[PDB]
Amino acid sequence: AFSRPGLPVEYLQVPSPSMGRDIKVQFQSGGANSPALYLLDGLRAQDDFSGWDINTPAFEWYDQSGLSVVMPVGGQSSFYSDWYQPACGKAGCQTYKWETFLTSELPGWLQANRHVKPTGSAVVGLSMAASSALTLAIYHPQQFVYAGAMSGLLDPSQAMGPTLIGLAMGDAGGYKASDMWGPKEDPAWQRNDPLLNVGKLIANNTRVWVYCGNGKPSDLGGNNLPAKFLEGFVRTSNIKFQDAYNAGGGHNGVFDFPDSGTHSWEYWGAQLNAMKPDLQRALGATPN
């Protein structure tokens, strides 16, 4: 259903057999059989709207770009992954099988009901979703030939990442990290660690766009200690990723590590706008 008359933005109820419920999805067609752009939300994803629409002119920017914008809604602290145990937070439990939903249910449903090409898509995520995007492309290269990672912890299985992710998950809905990928030594951790699986991005020649601020705010804003420290903190993993990608022979990446930016939406939005033309070219978009 369209949100308003005269505008292309739609709100959808896409059924998810794996999660036993309907997942809300904001959508905007880029035309029949047009490539898809999946925008993943951050750690504190709400159930009403995607952080992308709440905080950015995304839909408006991509209107007529030839790309179909797909914004799933919900999944706080989900990391868009398929969890071992039910996702139990302060507000009860739910089934989290986001990798399944994103790699089969949603694609299929969009192809059949909105004529969205199921392969040759881009998946861009920020914060939590940042590594999710890289990971999705790594295990589903035919579907996602392009992955965008903004301000993410790219080596989640390393150093204190497991503990830090747990602290984050606990503060955002009160979820438990072990319910998702189990204890730190469980194979799930190094499987969902992009820095450790960079070789696949290189082998598959996936178009990679990684972004991360240095912690110093600019005129764009986001000037507060938490936003500054987080950005500075996750930047390290981003550099390690760039070095691994380069060392490994990667030759289809873009690394934007400016001398500014914090962990806030003003920066992620500006970045999503900056990558529009690159996205169109790589996905073969046809304007209008």
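Start at 1 and count along the sequence shown; that's the residue number.
Student: Averaging C-alpha B-factors over each stretch, which comes out higher, 89-97 or 185-193?
Tutor: Of 185-193 and 89-97, the stretch with the higher C-alpha B-factor average is 89-97.
Student: 245-253 versus 217-225: which one carries the higher mean Cα B factor per the record?
Tutor: Here the higher of the two C-alpha B-factor means belongs to 217-225.
Student: Of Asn113, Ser132, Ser121, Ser151, which one's C-alpha B factor is largest in the deposited record?
Tutor: Across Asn113, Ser132, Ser121, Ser151, the entry lists the biggest C-alpha B-factor for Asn113.
Student: Out of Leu37, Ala58, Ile54, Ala32, which one has a C-alpha B factor higher than all the others in the entry?
Tutor: Largest recorded C-alpha B-factor: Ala32.
Student: Divide the modelled residues of the chain into thirds by Cα B-factor and specify which third, lowest, middle or highest, holds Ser264.
Tutor: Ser264: CA B-factor falls in the middle third of its chain.
Student: Compare the C-alpha B factor of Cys212 with those of the other modelled residues in its chain, then answer lowest, middle or highest third.
Tutor: CA B-factor rank for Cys212: middle third.
Student: For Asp63, does the deposited CA B-factor place it in the lowest, middle or highest third of the chain?
Tutor: It belongs to the middle third of the chain when residues are ordered by C-alpha B-factor.
Student: Can you tell me whether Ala172 has a C-alpha B-factor in the lowest, middle or highest third compared with the other modelled residues of the same chain?
Tutor: Answer is highest: the recorded C-alpha B-factor places it there.
Student: Would you check the entry's CA temperature factor for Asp278 and let me know if it's in the chain's lowest, middle or highest third?
Tutor: Tercile = lowest for this residue's CA B-factor.
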